[PDB]
There are 4 protein chains.
Amino acid sequence: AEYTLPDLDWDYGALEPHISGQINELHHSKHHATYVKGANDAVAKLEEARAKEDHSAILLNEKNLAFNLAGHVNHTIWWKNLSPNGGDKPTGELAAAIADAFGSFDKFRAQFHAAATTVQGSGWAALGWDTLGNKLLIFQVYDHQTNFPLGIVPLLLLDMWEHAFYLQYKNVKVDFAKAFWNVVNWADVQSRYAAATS
Amino acid sequence: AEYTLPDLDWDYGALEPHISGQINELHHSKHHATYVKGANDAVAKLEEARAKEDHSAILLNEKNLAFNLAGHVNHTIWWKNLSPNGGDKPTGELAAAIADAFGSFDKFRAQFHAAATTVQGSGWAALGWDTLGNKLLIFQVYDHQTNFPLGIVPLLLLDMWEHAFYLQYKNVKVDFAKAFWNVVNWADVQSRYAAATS
Amino acid sequence: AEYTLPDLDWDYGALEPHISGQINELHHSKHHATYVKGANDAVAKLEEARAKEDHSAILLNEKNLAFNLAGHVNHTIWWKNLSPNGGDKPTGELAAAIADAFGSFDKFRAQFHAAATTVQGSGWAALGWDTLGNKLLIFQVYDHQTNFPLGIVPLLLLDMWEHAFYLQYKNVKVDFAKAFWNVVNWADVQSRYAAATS
Amino acid sequence: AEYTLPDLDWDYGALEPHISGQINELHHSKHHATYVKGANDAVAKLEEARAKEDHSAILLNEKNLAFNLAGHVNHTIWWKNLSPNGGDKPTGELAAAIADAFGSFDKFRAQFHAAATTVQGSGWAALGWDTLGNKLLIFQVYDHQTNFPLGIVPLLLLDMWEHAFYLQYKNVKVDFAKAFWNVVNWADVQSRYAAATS
Ligand SMILES: [Fe+3]
Ligand SMILES: [Fe+3]
Ligand SMILES: [Fe+3]
Ligand SMILES: [Fe+3]
């Protein structure tokens, strides 16, 4: 249906001291809400274009759709990938899947950390499942909608946009990327992997 | 396992005169095979990097992975989306789904056509299924890996890279985009749509 | 010689309250300095590649060079486009050129503002001289190095990367885009325009 | 005034057999012409936008402006960089400048070639003059307006868009990149170089 702003499963300051409540608030109620509106409007402008049978602005409408919808999609998984009861390491299948796919959980951690801290502009680090080769792969996302193939199922995202850590970490993006591991909700990622493999 | 070049379901000149056998031979045996090799190589360079604990070239590795795997994925669906006993219009769920999401089939076709012919460089037009919103949406893909969100399930793709139409239609790509409709394998799209909703 | 981090022609807090001294400090000593080190590194990397006759990482070296040199080029102009004893309005040559190119300073200001506040990720708003058509145009720059032609002479830049106003304005980027006009150094732009027309 | 399609300084088939007369007519008369009209169209919509005080499509107008203006700029220099009486090596200042900046003319050829043949989608190889560092550098241009800094003076360009060699070289882009050195108009590049360092 219409896109909507999801409700957080924890209080804004439940991730402190890893992630400030101040950022979580602005991030959620300001930033994320902006993409949900942008996604809904994009879908509405396209409805109109088809009705009036005028696609002179197709490029703009398609960019707005992809940008906002991807913005919305990314943030939705981001809030679920975070937990106050998080951290530690993944267990079972997922733990086994990550070890076979990246050699070790530490090697996986390293690659994810490097993809997240070397983005040139806004972006993300993403762990996803490739349906084609049936493999767990890490992708370096540019902005919200670029640098990955179609049909990839996202499992774990790390928001590398400046607004995700600036207020707190300032320019030191690697301290924020290291902190992230302390609030990862592996139960949600395990659930995602199980759904992707089935 | 390794990414592999899928075999075609028809002889090279099965789609004539809409699509030349000459283009299909080169397209398949040269272009597509090059992406498969690149995808496998990218995955191999990442294995090496993790083994050496050296991610100085993570940006390059991640770009080579996304570019080639996306090229491989895009072309694997392309070949299945085409059929000499194709053309017509979709039927069943797909027909109703398309009609109930774009107004009509013709309104869908007009938008797809507009997205396919206004790309500013290499790209594709794509019919995808959004899992968060549960909507059928059209996206305008730049290159192979850009301008769309994560989790989108591709249903129907239209390759708008110059090599896909140049030998036959030269600079008149809108003529190639029109001919495309005569060879679409709706049985394949219907099949992908059923799996995406199930 | 190597690229260098230029000195500010004013104290870090000279722009308050329009732009905080804390942002100016970080911006200058941390961000800008990073691009200078990155362009020098890219340049050296290419020297070594040429000496070793090995261009296996040509894509990465060209990307690192473009991104960091453009980051360095944009910030260098940005520092010079600001002044504590500036803002308000341009005169003589450019004042006439701007009204002729955009109808009025106010119409010019509105499009500049619109270009600055609608970027989809990190970017800039830029006023440049097109040598080919001998026209004054405004460009919407993506990141540091994208969305503009070769040969464009930059005259006035507005940094829209989140790190440019986040600490102070938070998510309200239009309030920062508006406060920018109070510190523009018209003399510097006026000077860049005569040289471009020369 | 308006942007115009420049006339070629030679007959369409004057570059044979290095570059077909067929590709030259299509390239010039069809492709280049579209970029000229697209740039003039973009400039007009922006005039209209300013008149109606409506910048709701500013992202689209700025992208169409950049893409087409860049398309037009790149091809104008392309026609001038080619010559039937071309080839050989650069002499005088330029020769010494290249050797000084790249080690040798052959080390320059190798880098330029690699940059040209590794583009992931549409792009160009370009030799430019960096006004800031006063350095001669090679950039790997994506599409027509991406992957290079502002203020860069283009000297020599190599069109790597598929429509530039497909009809004749098919998928073998490296054979076309090699053939290129046979029609390079060093008299033009030397002239551009003198103007840039002036
Ligand atoms: Fe975010
Ligand atoms: Fe293709
Ligand atoms: Fe900045
Ligand atoms: Fe071209």
Side-chain angles (χ1 to χ4, degrees), chain A residues 131-133 149-151, chain B residues 1-40 68-92 94 109 112-113 116-117 122-127 141 144 154-195, chain D residues 22 162-163 165-173 175:
Chain A
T131 59
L132 196 58
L150 278 149
Chain B
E2 261 213 345
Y3 286 113
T4 52
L5 183 58
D7 274 333
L8 287 197
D9 284 329
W10 22 267
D11 196 358
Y12 287 134
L15 309 181
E16 305 221 17
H18 309 295
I19 302 180
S20 87
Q22 192 197 174
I23 281 171
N24 283 344
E25 168 151 42
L26 278 174
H27 208 186
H28 181 246
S29 84
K30 307 289 175 197
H31 292 285
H32 192 173
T34 284
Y35 295 126
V36 168
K37 156 102 155 128
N40 277 330
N68 291 294
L69 181 43
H72 179 36
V73 162
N74 285 4
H75 290 88
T76 289
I77 292 159
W78 168 248
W79 303 125
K80 280 291 191 210
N81 276 174
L82 298 171
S83 199
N85 306 317
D88 294 78
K89 304 178 132 226
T91 71
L94 198 57
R109 202 145 82 151
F112 192 84
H113 177 84
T117 59
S122 304
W124 307 67
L127 174 62
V141 175
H144 295 314
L155 299 183
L156 183 64
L157 286 167
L158 178 42
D159 191 7
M160 295 299 294
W161 279 56
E162 296 180 316
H163 67 240
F165 66 76
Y166 224 86
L167 277 172
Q168 187 174 355
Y169 297 87
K170 272 105 213 172
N171 67 285
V172 190
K173 65 192 183 169
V174 303
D175 261 6
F176 166 67
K178 172 156 161 209
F180 167 72
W181 303 108
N182 292 297
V183 284
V184 175
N185 189 8
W186 295 111
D188 179 74
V189 184
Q190 280 160 192
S191 179
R192 274 168 206 286
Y193 172 79
Chain D
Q22 203 172 181
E162 274 168 342
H163 68 233
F165 58 84
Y166 218 87
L167 266 193
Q168 175 180 2
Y169 295 93
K170 268 100 234 185
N171 67 291
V172 196
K173 62 184 188 178
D175 269 356

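In the text below, chain A, chain B and the rest are named by the order of the sequence lines, each starting its count at 1.
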Pairwise distance CG(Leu127(B)) to CZ(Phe112(B)) - rounded to 0.5 angstrom: 7.0 Å
Approximate separation, where rounding is to 0.5 Å, of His18(B) NE2 and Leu82(B) CG: 11.5 Å
Aromatic plane relationship, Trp78(B) with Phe180(B) - under 30° parallel, 30 to 60° tilted, over 60° perpendicular: parallel
Heavy-atom check, side chain of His113(B) versus side chain of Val174(B), under 4.5 Å: yes
Close side-chain approach of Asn185(B) and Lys80(B), heavy atoms under 4.5 Å: no
Closest non-hydrogen atom pair between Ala116(B) and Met160(B), with its separation: O-CG, 3.1 Å
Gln168(B) side chain reached by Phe176(B) side chain, heavy atoms, under 4.5 Å: no
Non-hydrogen side-chain atoms of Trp10(B) and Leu15(B) separated by less than 4.5 Å: yes
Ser83(B) side, atom OG; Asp88(B) side, atom CG - distance, nearest 0.5 Å: 10.0 Å
Nearest heavy-atom neighbours spanning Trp186(B) and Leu156(B): CH2-CD2, 3.9 Å
Nearest non-hydrogen partners of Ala39(B) and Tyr3(B), listed with the distance: CB-CD1, 3.7 Å
Heavy-atom closest contact (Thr131(A) atom, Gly151(A) atom, distance): CG2-O, 3.6 Å
Spacing of CD1 belonging to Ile23(B) relative to CD belonging to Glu25(B), to within rounding of 0.5 Å: 12.0 Å
Gap separating the CG atom of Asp7(B) from the CH2 atom of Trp79(B), nearest 0.5 angstrom: 12.5 Å
Flag side-chain contact, heavy atom, 4.5 Å: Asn74(B) against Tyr35(B): no
Check against side-chain contact (heavy atoms from CB on, under 4.5 Å), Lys30(B) and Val172(D): CA-CA 9 Å; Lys30(B) 307 289 175 197; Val172(D) 196; over 6 Å; no
Heavy atoms from other residues, nucleotides or ligands near NZ of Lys173(B) exceed 12 (cutoff 6.0 Å): yes
Atom pair NE2 (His144(B)) and CG (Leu157(B)), whose distance is rounded to the nearest 0.5 Å: 11.5 Å
4.5 Å side-chain heavy-atom contact, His72(B) and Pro149(A): no
Nearest heavy atoms of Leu94(B) and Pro90(B), plus distance in Å: CD2-CB, 4.0 Å
Student check: side-chain heavy atoms of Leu26(B) and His163(B) closer than 4.5 Å: no
Beyond-backbone contact of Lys170(D) with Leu167(B), side-chain heavy atoms, under 4.5 angstrom: yes
Within the 6.0 Å centroid threshold, strictly below: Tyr166(D) and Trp161(B): no
Pair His27(B), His75(B): side-chain N/O donor-acceptor within cut-off below 3.5 Å: yes
